[PDB]
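Take a look at this single chain in structure tokens; it is the form deposited in one PDB entry.
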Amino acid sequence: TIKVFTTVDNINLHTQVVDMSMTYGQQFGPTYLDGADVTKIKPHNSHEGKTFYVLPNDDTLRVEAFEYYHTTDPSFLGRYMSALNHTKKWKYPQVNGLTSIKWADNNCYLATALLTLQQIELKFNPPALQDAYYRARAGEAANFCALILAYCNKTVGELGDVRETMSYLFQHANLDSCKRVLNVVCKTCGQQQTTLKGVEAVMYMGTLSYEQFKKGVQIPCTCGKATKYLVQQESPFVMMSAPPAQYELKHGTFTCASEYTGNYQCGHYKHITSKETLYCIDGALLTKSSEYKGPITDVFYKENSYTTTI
């Protein structure tokens, strides 16, 4: 009989003694070591003293699981460990002071989101996401990528959209202070002002240029008449998205952008970031240029407080 530690958060640990003749599942339920399902595995003597992730079976473990992950979904732990088994084996090179991911298992959209998160100000609500966020910015991003897949209900290898992934992530972040007051002017219906908050205040689908959003875009009116322009914006950033089109990216006018080339869904993502010059991060590959023209679908801008003059 070996002694062992079980946990759900790797924070609050539990002393447990396990019989060497019964499998972990027969004593704890679904049990994992570093993402590897050991439910049907008998204890090895090398497993003495190690910490095992277990599915919550009592109320103390259920509460701890929520406090760290902010979910009661019983499938979360298993989807997390299943992804972790792959992401632990990816390569996370430092590219231009940023942690990227070497290409594997169609992870190009994950790497793009990982690079973007290192360049915008964001606080995650679940401690599990926040703690892994910090570890990722220091170069150890395996646990962070697995959580993104789990929180986004995505599996390793599945085809992912960066804008959808960012949106999912924003919903698990503290964006309560974010505000976007908008205005629509129709010839017949009149004028109308809408105030969006949270995730809807920081994302727009339609145009890539923040300037174009400030000037105003064409939207159909409720009576079929209109123009919609940004009045006030109170957020640490904004994300502008449009379907992949050729776009000129000028140094200093944006933070970072998503380049998408190829067919819908089965394509490939590249990350454009604006430093002292334009940089292109394609997994572990890095290229720099003074100007950039190419197929962009997301652009990220910096912000704090903006009030229009119209």
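The first residue of the shown sequence is 1; numbering continues from there. We call the rigid core whatever largest set of C-alpha positions still superposes within 1.5 Å between the two forms.
According to the PDB entry, the deposited sequence contains 1 to 3 residues between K225 and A226 that lack coordinates.
For the segment pair 84-92 and 230-238, the entry gives 230-238 the higher mean B-factor, averaged over Cα atoms. Of the two stretches examined, 17-25 and 287-295, the record assigns the greater average C-alpha temperature factor to 17-25. Listed residues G49, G252, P243, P30 were ranked by CA B-factor as deposited; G49 comes out on top.
Out of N183, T112, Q171, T165, it is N183 whose C-alpha atom has the highest B-factor in the PDB entry. Sorting the modelled residues of the chain by their CA temperature factor places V54 in the middle third. Ranked within its chain, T188 lands in the highest third, by CA B factor from the PDB record. Split the chain's modelled residues into thirds by C-alpha temperature factor. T60 is in the middle one. Among the modelled residues of its chain, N45 has a C-alpha B-factor that falls in the highest third, as given in the PDB entry. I281: CA B factor in the middle third of modelled residues in this chain (values from the PDB entry).
A second form of this protein, the form deposited in another entry, is not displayed here; the remarks below concern that form.
Only one candidate in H47, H251, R62, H268 has its Cα displaced by 2 Å or more between this form and the one not shown after core superposition: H47. Core-superposed comparison between this form and the one not shown: the CA of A104 stays below a 2 Å shift. When the rigid core is held fixed, the Cα atom of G190 travels 2 angstroms or more between this form and the one not shown. Relative to the superposed core, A36 shifts its CA atom by 2 Å or more between this form and the one not shown.
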